[PDB]
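Working notes for the structure below.
Because the Cβ atoms are built from the backbone with ideal geometry, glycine has one as well, and the counts that use them run over all protein chains shown. FYI, it's all coordinate maths here, none of it is from the lab.
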Amino acid sequence: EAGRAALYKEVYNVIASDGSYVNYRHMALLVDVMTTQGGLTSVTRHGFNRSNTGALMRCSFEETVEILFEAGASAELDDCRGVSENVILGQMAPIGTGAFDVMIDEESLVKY
Amino acid sequence: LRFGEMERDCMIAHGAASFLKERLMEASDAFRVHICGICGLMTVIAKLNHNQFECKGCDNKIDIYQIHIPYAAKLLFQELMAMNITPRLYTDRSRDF
Amino acid sequence: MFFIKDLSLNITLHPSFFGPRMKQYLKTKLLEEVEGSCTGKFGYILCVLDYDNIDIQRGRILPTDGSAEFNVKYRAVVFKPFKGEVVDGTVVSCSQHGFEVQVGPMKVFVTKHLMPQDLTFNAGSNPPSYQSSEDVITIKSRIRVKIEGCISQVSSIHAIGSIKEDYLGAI
Amino acid sequence: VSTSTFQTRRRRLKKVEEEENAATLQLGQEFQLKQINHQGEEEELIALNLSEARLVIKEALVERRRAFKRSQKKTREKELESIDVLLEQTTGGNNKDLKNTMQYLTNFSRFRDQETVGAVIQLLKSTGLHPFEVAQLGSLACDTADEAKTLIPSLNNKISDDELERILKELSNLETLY
Amino acid sequence: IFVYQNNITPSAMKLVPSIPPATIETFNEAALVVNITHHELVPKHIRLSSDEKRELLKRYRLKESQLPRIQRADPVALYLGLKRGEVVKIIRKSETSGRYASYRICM
Amino acid sequence: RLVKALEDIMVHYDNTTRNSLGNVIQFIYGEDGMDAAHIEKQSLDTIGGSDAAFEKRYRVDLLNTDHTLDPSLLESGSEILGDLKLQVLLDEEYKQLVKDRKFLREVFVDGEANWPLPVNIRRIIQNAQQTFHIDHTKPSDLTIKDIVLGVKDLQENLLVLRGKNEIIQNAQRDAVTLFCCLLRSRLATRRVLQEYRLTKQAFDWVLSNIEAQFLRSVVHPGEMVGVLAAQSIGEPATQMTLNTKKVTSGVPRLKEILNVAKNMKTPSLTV
Amino acid sequence: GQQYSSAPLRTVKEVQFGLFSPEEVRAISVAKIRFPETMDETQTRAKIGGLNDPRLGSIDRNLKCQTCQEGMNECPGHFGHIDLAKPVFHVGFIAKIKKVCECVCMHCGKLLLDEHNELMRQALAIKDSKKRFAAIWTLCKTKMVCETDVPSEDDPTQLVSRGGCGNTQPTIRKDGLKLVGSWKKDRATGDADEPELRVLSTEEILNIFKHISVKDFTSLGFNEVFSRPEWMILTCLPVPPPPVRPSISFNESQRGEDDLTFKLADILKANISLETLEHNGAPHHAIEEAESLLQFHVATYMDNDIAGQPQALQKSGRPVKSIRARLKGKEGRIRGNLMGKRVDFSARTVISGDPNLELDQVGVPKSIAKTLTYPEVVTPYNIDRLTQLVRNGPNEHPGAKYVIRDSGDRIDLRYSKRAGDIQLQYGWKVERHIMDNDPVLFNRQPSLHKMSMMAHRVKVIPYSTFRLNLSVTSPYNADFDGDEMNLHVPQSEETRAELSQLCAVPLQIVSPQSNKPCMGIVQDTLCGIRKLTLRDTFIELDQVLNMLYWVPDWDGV
Amino acid sequence: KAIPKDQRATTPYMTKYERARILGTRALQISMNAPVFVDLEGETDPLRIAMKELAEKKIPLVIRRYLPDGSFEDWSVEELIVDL
DNA sequence: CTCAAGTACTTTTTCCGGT
RNA sequence: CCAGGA
DNA sequence: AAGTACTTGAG
Ligand SMILES: Nc1ncnc2c1ncn2[C@@H]1O[C@H](COP(=O)(O)CP(=O)(O)OP(=O)(O)O)[C@@H](O)[C@H]1O
Ligand SMILES: [Mg+2]
Ligand SMILES: [Zn+2]
Ligand SMILES: [Zn+2]
Ligand SMILES: [Zn+2]
């Protein structure tokens, strides 16, 4: 918890060194993201890219072919929840506009 | 023009879901394969016009679907296959969560 | 046999039909596709039961095209034959090879050899007949056949049937 | 697109085994005893004896003619003409299969009346025999317990020889005249 | 709890899991000289009951996985004698909300 | 790297901030559940000043011939004197304001009153004054109950989380905490009547607008906050290059930080 | 365009990774793939019934595919196969193959540690497929003996017999594409003192892997359905179809075969050599020679950039492009063909600022407007307008390029002998020129910002440059020293809405990056604004009247 | 499994994205000669027709808002507040 | 069996004519 | 690959 | 280059 506070303090100071102001929330998110696993998760292929996200998603950054080889070897199942995977699949990602579904109601249709 | 990763990124930031799908599909790559519902690969000998479907070595002349994926993805899957990796594409779930 | 079966069909409606006579267009498109149909999985889908209570559910609008997809849940009468099934039918055709028997929507063909020995072909009759010592089998005669095997053939199902064993043959 | 069921089973890569179907009462995956209706409830297999079947379709199309004429506001040889007319009214007409089925049923039905088919259905569904056997006992006219036990080879030890012969008596009595 | 001066032999340390359902804890006297919980940067952690946890997960529709984790070796996890699976509710002062509550599941 | 780490993160329909595993990153976006565009630097008056000058500004004492609201401030001014029942409300009020001050002083250790918060209250009051043509002479048609309770009610309508249970309602309470300190600070009885000179109607309109403006301010389930954060940290650093104690800083310190560099360049303590 | 298919259209909800069982490869295969020769049926320019279409995909563009009857843009490729004369390691699994041998007995195929060991039961407890394998390995790598009898889960005086086999285990080390062991031995208690040094054959590892129990291998990474360890060893090789390795077919009679088409023949040649060598008078060493060559060719076909240096280099010195290389980031599949693509309905030119444009508009040069096209559906609301644009043709500004029939077959207004007499029917599509007020995605790379890509109102103007309002300069980080910008035209009534409703320039005025406006008055306007507003600065009627008129929304007061 | 109407918790206000997707979807439908549930007061652009339908709350669409667990709350465009 | 130096791997901004 | 552009 | 992960060999 104190690691998170230190980490932010330290990040904020690089941005604020230049003078430039970045809203809390953005730094907080990054800081939180590295933190949540229980320790200091690097923003490298050794950090986030080795977490339990989808094979297609992780293969899109840094270790590629190697990631896909271990996918085949351990019979990995891609959830297909990540932006990246839907981009690779050419599907509407569950991002903003795609975060929900649209339905026609015959009830409302017959009312008008 | 190349609609780069950085460019994708802003569309993701805007939440322009359909817009991104259109750039990556409709207005580029966009292709149609026939996949098998048992061994989730591009195996299907879709003689569309004769309405014959088949996937010999599944003996599946029934459980077949069509999907719209970027041709580069069709390619990626065929490339991984050539390298012994099976990227099985499935049109339903099992895991839930 | 002849079953009532709970089935469901996904139909994709074009926006031009997003009028208030929608459920009606859907109920009919279902019948167009489903009714009369013949699959190996379910056999002959003959008649959709309970038209008044067909479950349309909510239609999901398909992203880049305008259309909406509905899984039309329903219940219908199906005919799915099996081997070992003893069926009563009427003769339809007759040759030196055997005779076809019409069993509901389906045809069961009885081989010259799938019949008892006594019963033999007779080309010299109108229409050609199978003449036994005491029996005669021709185009209008009613027969009781045992289905030996089935073949799922596109928009149909066919079968080879025996009349050689006990209690089978002409009725 | 084609029709789906209520049986969802995840056949993941594992293609086959597909055992033959028989009078070892070994019907399909789809035609097994423990079915599921759209209400999600476990329901039993619905097998019909041609007459139990004739009356279902007859009823269905009759009630379809009601719905059709509402939405449009703003003796055997004689039953055959009556039915072939109702088909032209409610069915696709392209559906030759139903026209054949309806005639076959009209000519091959063992019980003409709903009340008659009622008692058939009562008498039989008290044997514990499986929907198939129960329908086959309804659609096949048998005299010897043997005739029936030979044509429906599943029955084999499932019923008494005398009990089946007792049932065969009542089905012959119920048998509507033509 | 066992407060040791310098060390505990690899011999003695093998007798720690020996007596269940009862539990044992090792603590180097030197680490304890200053209380870490008192630090500016260390927020108010609270161990949740078996019922409280059940509610947390029900109330947010979570699997145990989805919860931000705390290491079992974590100084504060040791301080409270946190056991794997136990959740801590962390109350921090927020420059945005005034007070913000996070939760961490034990590792 | 910042984009690929955060890509999959967004606000869900429960205001929770989850990745593609549905793992909770932030329970509520940026601890407050507000969209950054809607935020503005506002001054939490209550934080600073002499304990003396705080009292002069906020305190109403209907039981003191000197510390009452003059009958020049409101119509009830005369009949309001010595009203024990109302002096109970004004006591709750002032005791809550003092609570607020001590709490804020815990959060903001140096007494920085200027913090970016949603709903610019200064503007709302300003706008009410020109909208209703506030007569800085004439006494208000407000009751102590009109102000005191009106504020207290608006507070219950500042909705970030909607759930009907203790966890969520206690989380809703928490999310709204700091905004309320500001709200109570700007809408205290003395402040409203003496400084703003708001009419009952003007006040009602101020309240409605705070409510509307607040609700508008909350983040939208679907907001792709992951990418947003990456670019918001990223973009500065990229221009901070492309354009025109001595501890490692800038681009290399940032590189040090994200990489979680063990052997760092200038390790320093501050005792 | 692609033709109608009766098959139900779906979305990929899950991707199930795994490995190819040789049996699957043979099952799915439409041909084997016997001759290194591409084609020329004895010089006769047509595909050989042996490599690259012995039923496979298709070439010629004319002439349909031999299996599906589709042809070129419809036919995906069709897979083939090569039965390898001897097993070979898949390059990618070489260390996982090693790490498995390290965990399992090299004789019985049992795990070197089991339920009986305490740290083992603790590690077997690990839920994570990767973390479990990690812990099993570090534990078993050191167990150099398969245990027959082991100390019981009580008193160690009475020893419980687990699985059988006593056998000493090798100390495996990799010698590039070869896995070699070193069994300690025993000889007068001392040994080693010179141990048993021998290479582990692909076939023996295979037979051990084959014997690894489901429960055993399933405790390691593996899944009994999709990926058994025996499938990390290649027996039957899939042959990718032409669409994967197309010939760059220059002139009529001339080849130009792909790098993979060569590498496959290389494999094919190495395989036939080995096959004949063993079937004939096997000179033993000559076999373990032609074997290791086929192991190389099968290795380098998938990954050419291997640690053990010799790059399989083309006769030209230049190295062969491995499949691994094709997918490696920034350029190449994932990063360069999928995460980013080259797009249609894109335009780019030199940008120059305009003080007479509105904040949200973008000056589009007539030539650019006349090229870019939006597909509009023939509806009764626009039927007449569209018929005029169609009359106008692809040369006039408010005009059209193509008309899309029900049939789906495009009518080129540029040539169509019926470009005049062309009667539009509802539900058709007219691809019309981009018009004043259409929403378009305007962008300036970098694109560090969400704001570096905003939606604008089209304004068709003369002169070859994209004109933008000066205040919109800042977000893009644009200037006019020779900067160029990109324009993207949405094609859906749906994507149009996405731009207009979410990413329009006026919506982006206040930035969440800093919780303040990201656009303001700049340069001339800022400089002049100071000058205009000093007390000192007064204006006579004549000018005041022109300044007043200039404000488009002035009340006339 | 679908949250009942009397158990819904999500914003009673329409998200920026929901509005955009609704307007897009209707425009795309209207454009494909779909039936219009409003008086076109001389309107010819389908986005403007959709804006009009949204204003009169005569759009027959439902937003299915999925929660991270998979469960969802169905909301009519008629029932959603439009403060955007 | 714990300890150290050594080797193994992986990457380094975005977009846009001539040999 | 080389030479350039913001 | 430059780092860090991973594996190696000496004490
Ligand atoms: N190599 C590069 N890579 C990426 N972006 C670049 C780039 N070079 C230039 N740019 C883009 O173009 C801008 C550079 O402007 P330049 O033409 O170099 C003059 P400057 O040094 O930025 O300002 P100045 O002329 O007032 O001294 C950058 O701020 C950036 O957004
Ligand atoms: Mg410039
Ligand atoms: Zn298949
Ligand atoms: Zn083909
Ligand atoms: Zn062994």
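Annotation: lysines with alpha-carbon distance below 18 angstrom to H:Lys5 (same-chain offsets under eight excluded): F:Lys164.
Across peptide D:4-13, the mean count of Cβ atoms from other chains lying within 10 Å of each residue's own Cβ comes to 5. Taking 22 Å as the straight-line reach from the Cα of C:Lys164, the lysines in range (excluding those fewer than 8 positions away in the same chain) are C:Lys83, C:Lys107, C:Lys112, C:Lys140, C:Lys146, D:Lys149.
In this structure, the pairs whose alpha-carbon distance is over 27 Å, taken from B:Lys47/C:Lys73; E:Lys14/E:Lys83; B:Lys21/G:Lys429; G:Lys429/H:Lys52; C:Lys23/D:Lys74, are B:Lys47/C:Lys73. Among the listed pairs B:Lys74/G:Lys370; F:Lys99/F:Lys246; E:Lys53/F:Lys255; G:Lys96/G:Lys215; C:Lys29/G:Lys13, those with a Cα-Cα distance over 30 Å are B:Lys74/G:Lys370; F:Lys99/F:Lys246; E:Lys53/F:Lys255. Once you reduce the stretch D:113-178 and the stretch G:159-176 to the center of their Cα atoms, the two points are 68 Å from each other. Annotation: peptides G:378-384, B:23-29, ranked by per-residue average of other Cβ atoms within 10 Å with the highest first, follow the order B:23-29, G:378-384.
Compute the relative contact order of the stretch D:1-47 as a whole-number percentage, counting only Cα pairs closer than 8 Å that sit 6 or more residues apart in sequence. Answer for the stretch D:1-47 is 30 percent.
Computed from the alpha carbon atoms alone, the convex hull of the stretch C:1-82 holds 90 Å³ per residue. Taking a cut-off of 30 Å, what percent of all Cα-Cα pairs in chain F are separated by more than that? More than 30 Å apart: 45 percent of the Cα pairs in chain F. Between the stretch H:12-28 and the stretch G:74-149, the alpha-carbon centres lie 52 Å apart. Here the residues D:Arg66, G:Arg162, ranked from fewest to most Cβ neighbours within 10 Å of their Cβ, fall in the order D:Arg66, G:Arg162.
Please work out, to two decimal places, the log10 of the ratio I(q)/I(0) at q = 0.07, 0.10, 0.11 Å⁻¹ from a Debye calculation in which every Cα of chain G carries one identical scatterer. Log10 I(q)/I(0), no solvent term: -0.71, -1.04, -1.12.
Computed from the C-beta positions of D:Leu86 and D:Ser160, the FRET efficiency with R₀ = 41 Å rounds to 0.45. Here the label points at G:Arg318 and F:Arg162, each 7 Å from Cα along the C-beta direction, are separated by 6.2 nm in the simple model.
Positive end of the charge dipole of the stretch D:1-47 (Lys, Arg +1 and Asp, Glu -1 on Cβ, about the Cα centre): tell me which of D:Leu45, D:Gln35, D:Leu13 has its Cα farthest that way. Ranked along the dipole, the leading option is D:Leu13.
Shown for the stretch D:1-65 is the translational diffusion coefficient from the Stokes-Einstein equation, using the Kirkwood radius over Cα pairs, a temperature of 4 °C and a viscosity of 1.567 mPa s: 87 µm²/s. Taking other C-beta atoms within 10 Å as the exposure proxy, G:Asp360, F:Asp110, F:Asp91, G:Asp412 rank F:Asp110, G:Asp412, F:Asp91, G:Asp360 from fewest upward.
Summarised as an ellipsoid, the stretch B:1-85 has semi-axes of 31, 15, 11 Å, derived from the eigenvalues of the Cα gyration tensor scaled by 5 and square-rooted, with the largest first. About its Cα centre, the protein assembly as shown has a charge dipole of approximately 2300 debye under the convention of +1 per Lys or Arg Cβ and -1 per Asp or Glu Cβ, with nothing else charged. Qualifying GluC sites (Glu not before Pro) in the stretch G:71-132, where qualification requires a DSSP coil assignment and no more than 15 other C-beta atoms within 10 Å, comprise G:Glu115.
The alpha-carbon positions of chain H define a convex hull whose volume is 106 Å³ per residue. What average number of partner chain Cβ atoms lie no more than 10 Å from the Cβ of the residues making up C:143-152? What the average comes to for C:143-152 is 1.
Two numbers describe the Cα atoms of the protein assembly as shown: Rg and Dmax, which are 39.6, 134 Å. The residues G:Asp303, G:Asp175, when put in order of fewest to most other Cβ atoms within 10 Å, stand as G:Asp175, G:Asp303. Sparse packing (at most 13 other Cβ atoms within 10 Å of the Cβ) combined with a DSSP loop state is found for the following GluC sites (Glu not before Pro) in the stretch H:39-84: H:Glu41, H:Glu56. Given +1 at the Cβ of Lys and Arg, -1 at the Cβ of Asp and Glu and no other charges, the dipole of the stretch G:1-83 around its Cα centre is 140 debye to the nearest 20. The simple Förster model, with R0 at 60 Å and r as the Cβ-Cβ distance, assigns C:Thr120 and D:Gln32 a FRET efficiency of 0.90.
Cross-link partners for G:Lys130 among the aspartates and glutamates, with Cα-Cα distance under 13 Å and sequence neighbours closer than 8 places in the same chain left out: A:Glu70, A:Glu76.
What the Cβ-Cβ distance of F:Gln213 and F:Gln129 gives, at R0 = 22 Å and to the nearest 0.05, is a FRET efficiency of 0.85. Cα centroid separation, the stretch B:1-22 to the stretch G:422-493: 15 Å.
Counting only Cβ charges, +1 for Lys and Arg and -1 for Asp and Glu, the dipole size of chain A around its Cα centre is about 460 debye.
Computed across the stretch A:1-88, the Kirkwood hydrodynamic radius from all distinct Cα-Cα pairs reaches 14.9 Å. The mean count of C-beta atoms from other chains within 10 Å of the C-beta of residues in D:93-99, rounded to a whole number, is 6.
Taking the charge dipole of the protein assembly as shown about its Cα centre, with +1 at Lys and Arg Cβ atoms and -1 at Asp and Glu Cβ atoms, the residue from A:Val87, G:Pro506, F:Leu149 reaching farthest to the positive side is G:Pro506.
With a cut-off of 13 Å between beta carbons, the residues surrounding C:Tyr44 carry a summed charge of +4, where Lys and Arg count +1 and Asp and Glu -1. Take the Kirkwood radius over Cα pairs of the stretch C:83-171, plug it into Stokes-Einstein at 25 °C and 0.890 mPa s, and you get 191 µm²/s for translational diffusion. Within the set C:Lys5/C:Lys80; C:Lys5/D:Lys34; B:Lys56/G:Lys210, which residue pairs have Cα atoms separated by over 20 Å? Exceeds cut-off: B:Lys56/G:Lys210.
In whole percent, what relative contact order does chain G give with Cα contacts below 8 Å and a gap of six or more residues? Answer for chain G is 11 percent.
For F:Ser208, neighbours were defined as the other residues whose beta-carbon sits under 15 Å from its Cβ, and their charges (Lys and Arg +1, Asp and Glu -1) total -3. Can you find, among D:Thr150, A:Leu7, D:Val62, the residue sitting farthest towards the positive end of the charge dipole of the protein assembly as shown, where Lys and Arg contribute +1 and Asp and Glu -1 at Cβ? Of the listed residues, the answer is A:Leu7.
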